[PDB]
file start32.tsv (TSV, C-alpha atoms)
chain	number	residue	atom	x	y	z
A	22	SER	CA	-6.78	16.07	-39.03
A	23	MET	CA	-10.18	14.64	-39.07
A	24	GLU	CA	-8.79	11.29	-37.72
A	25	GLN	CA	-7.31	13.15	-34.66
A	26	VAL	CA	-10.71	14.66	-33.97
A	27	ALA	CA	-12.46	11.24	-34.24
A	28	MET	CA	-9.87	9.75	-31.82
A	29	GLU	CA	-10.48	12.69	-29.50
A	30	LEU	CA	-14.26	12.15	-29.61
A	31	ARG	CA	-13.70	8.40	-28.69
A	32	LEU	CA	-11.52	9.54	-25.72
A	33	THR	CA	-14.21	11.97	-24.63
A	34	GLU	CA	-16.85	9.33	-24.75
A	35	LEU	CA	-14.60	6.85	-22.80
A	36	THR	CA	-14.15	9.65	-20.25
A	37	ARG	CA	-17.96	9.98	-20.02
A	38	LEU	CA	-18.36	6.29	-19.41
A	39	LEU	CA	-15.44	6.11	-16.86
A	40	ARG	CA	-16.97	9.07	-14.98
A	41	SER	CA	-20.21	7.14	-14.53
A	42	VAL	CA	-18.11	4.01	-13.52
A	43	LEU	CA	-16.18	6.14	-11.00
A	44	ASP	CA	-19.39	7.43	-9.49
A	45	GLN	CA	-20.83	3.99	-9.12
A	46	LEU	CA	-17.62	2.64	-7.50
A	47	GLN	CA	-17.35	5.53	-5.11
A	48	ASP	CA	-20.96	4.93	-3.96
A	49	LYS	CA	-19.71	1.56	-2.73
A	50	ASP	CA	-17.54	3.50	-0.25
A	51	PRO	CA	-20.14	5.28	1.81
A	52	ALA	CA	-17.73	5.78	4.70
A	53	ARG	CA	-15.48	7.85	2.34
A	54	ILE	CA	-12.45	5.84	3.46
A	55	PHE	CA	-10.99	5.98	-0.05
A	56	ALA	CA	-12.08	9.51	-1.03
A	57	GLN	CA	-8.83	11.34	-0.46
A	58	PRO	CA	-5.06	10.60	-0.33
A	59	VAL	CA	-3.75	9.10	2.83
A	60	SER	CA	-2.41	12.18	4.70
A	61	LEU	CA	1.42	12.15	5.08
A	62	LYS	CA	1.00	14.59	7.96
A	63	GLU	CA	-1.10	11.97	9.80
A	64	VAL	CA	0.68	8.82	8.50
A	65	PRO	CA	4.26	10.08	8.08
A	66	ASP	CA	5.80	6.64	7.29
A	67	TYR	CA	3.21	5.83	4.59
A	68	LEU	CA	5.50	6.02	1.55
A	69	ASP	CA	7.91	3.65	3.25
A	70	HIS	CA	5.11	1.02	3.01
A	71	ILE	CA	3.13	2.02	-0.12
A	72	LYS	CA	5.02	3.00	-3.22
A	73	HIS	CA	2.12	4.09	-5.43
A	74	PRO	CA	-0.63	5.72	-3.27
A	75	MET	CA	-4.05	6.10	-4.89
A	76	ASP	CA	-7.49	7.40	-3.98
A	77	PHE	CA	-10.71	8.47	-5.64
A	78	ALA	CA	-9.92	12.25	-5.76
A	79	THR	CA	-6.61	11.56	-7.51
A	80	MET	CA	-8.44	9.30	-10.03
A	81	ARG	CA	-11.00	12.00	-10.66
A	82	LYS	CA	-8.21	14.52	-11.43
A	83	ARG	CA	-6.72	12.13	-13.95
A	84	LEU	CA	-10.09	11.34	-15.45
A	85	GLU	CA	-11.01	15.00	-15.98
A	86	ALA	CA	-7.74	15.63	-17.76
A	87	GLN	CA	-8.75	12.68	-20.02
A	88	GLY	CA	-5.75	10.83	-18.68
A	89	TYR	CA	-7.20	7.30	-18.93
A	90	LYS	CA	-6.64	5.95	-22.50
A	91	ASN	CA	-8.49	2.68	-21.90
A	92	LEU	CA	-10.40	0.84	-19.13
A	93	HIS	CA	-7.32	-1.22	-18.14
A	94	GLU	CA	-5.50	1.98	-16.98
A	95	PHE	CA	-8.57	3.05	-14.91
A	96	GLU	CA	-8.87	-0.42	-13.36
A	97	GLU	CA	-5.15	-0.34	-12.51
A	98	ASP	CA	-5.73	2.79	-10.35
A	99	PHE	CA	-8.85	1.28	-8.71
A	100	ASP	CA	-6.97	-1.89	-7.84
A	101	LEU	CA	-4.21	0.26	-6.25
A	102	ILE	CA	-6.73	1.81	-3.90
A	103	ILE	CA	-7.82	-1.63	-2.71
A	104	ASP	CA	-4.48	-3.39	-2.75
A	105	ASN	CA	-2.59	-0.51	-0.92
A	106	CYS	CA	-5.20	-0.65	1.87
A	107	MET	CA	-5.16	-4.40	2.23
A	108	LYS	CA	-1.33	-4.28	2.68
A	109	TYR	CA	-1.07	-1.28	5.06
A	110	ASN	CA	-3.99	-2.25	7.25
A	111	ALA	CA	-4.53	-5.55	9.09
A	112	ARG	CA	-7.42	-7.91	8.45
A	113	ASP	CA	-9.23	-6.96	11.63
A	114	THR	CA	-9.58	-3.28	10.75
A	115	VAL	CA	-12.45	-1.22	9.42
A	116	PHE	CA	-10.10	-0.04	6.63
A	117	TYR	CA	-9.22	-3.54	5.36
A	118	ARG	CA	-12.80	-4.63	5.61
A	119	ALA	CA	-13.96	-1.54	3.63
A	120	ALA	CA	-11.54	-2.41	0.88
A	121	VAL	CA	-12.81	-5.99	0.65
A	122	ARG	CA	-16.42	-4.77	0.36
A	123	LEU	CA	-15.39	-2.16	-2.27
A	124	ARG	CA	-13.57	-4.82	-4.30
A	125	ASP	CA	-16.47	-7.24	-4.16
A	126	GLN	CA	-19.12	-4.67	-4.99
A	127	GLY	CA	-17.03	-2.93	-7.63
A	128	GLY	CA	-16.47	-6.22	-9.50
A	129	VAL	CA	-20.07	-6.17	-10.75
A	130	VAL	CA	-19.80	-2.57	-12.06
A	131	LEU	CA	-16.47	-3.24	-13.73
A	132	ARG	CA	-17.68	-6.45	-15.40
A	133	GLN	CA	-20.44	-4.56	-17.26
A	134	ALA	CA	-18.16	-1.60	-17.95
A	135	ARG	CA	-15.82	-3.91	-19.85
A	136	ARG	CA	-18.70	-5.26	-21.93
A	137	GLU	CA	-19.79	-1.59	-22.72
A	138	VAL	CA	-16.31	-0.44	-23.65
A	139	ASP	CA	-15.89	-3.42	-26.07
A	140	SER	CA	-19.50	-3.18	-27.32
A	141	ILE	CA	-19.52	0.63	-28.13
A	142	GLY	CA	-15.80	0.30	-29.10
call {"tool": "encode", "arguments": {"input": "start32.tsv", "output": "structure tokens"}}
result
Amino acid sequence: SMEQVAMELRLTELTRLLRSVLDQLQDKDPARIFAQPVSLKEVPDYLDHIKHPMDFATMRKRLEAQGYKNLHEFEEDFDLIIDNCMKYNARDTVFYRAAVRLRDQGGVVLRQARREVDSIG
């Protein structure tokens, strides 16, 4: 149907906008601490601690399959990255501190993204 196509164009354009959001958030992680999945070879107990691992490569795979229906879903995954790190790692660690800085800096990007998603519809 023509409606299915219109819906699909909306999803494509959301995907375009979320790709630019993802790029901007990942620039706030210049150490690449959150770029890839925590390695279960190197942290073999990880899944005992963290039930839903997340990272920027995994988000990018979902994004490119158009697997985010709305901004809320995308934000859910970003918050997992931060929240998983802040639980697994102690306050005094470069990992925790990186997550805090990513959260604080990302807030700005995500605030305007929400306005754009609502605005353009």
call {"tool": "closest_residue", "arguments": {"input": "start32.tsv", "among": "A:136, A:122, A:90, A:40", "to": "residue 28 (chain A)", "atoms": "all atoms listed in the file"}}
result
A:90
call {"tool": "closest_residue", "arguments": {"input": "start32.tsv", "among": "A:79, A:91, A:36, A:105", "to": "residue 121 (chain A)", "atoms": "all atoms listed in the file"}}
result
A:105
call {"tool": "closest_residue", "arguments": {"input": "start32.tsv", "among": "A:93, A:112, A:73, A:118", "to": "residue 131 (chain A)", "atoms": "all atoms listed in the file"}}
result
A:93
call {"tool": "closest_residue", "arguments": {"input": "start32.tsv", "among": "A:75, A:68, A:42, A:35", "to": "residue 127 (chain A)", "atoms": "all atoms listed in the file"}}
result
A:42
call {"tool": "residues_around", "arguments": {"input": "start32.tsv", "residues": "residue 46 (chain A)", "least_positions_apart": "2", "cutoff": "8 Å", "atoms": "all atoms listed in the file", "output": "list in words"}}
result
residues 42, 43, 44, 48, 49, 50, 123, 126, 127 and 130 of chain A
call {"tool": "closest_residue", "arguments": {"input": "start32.tsv", "among": "A:101, A:64, A:32, A:26", "to": "residue 124 (chain A)", "atoms": "all atoms listed in the file"}}
result
A:101
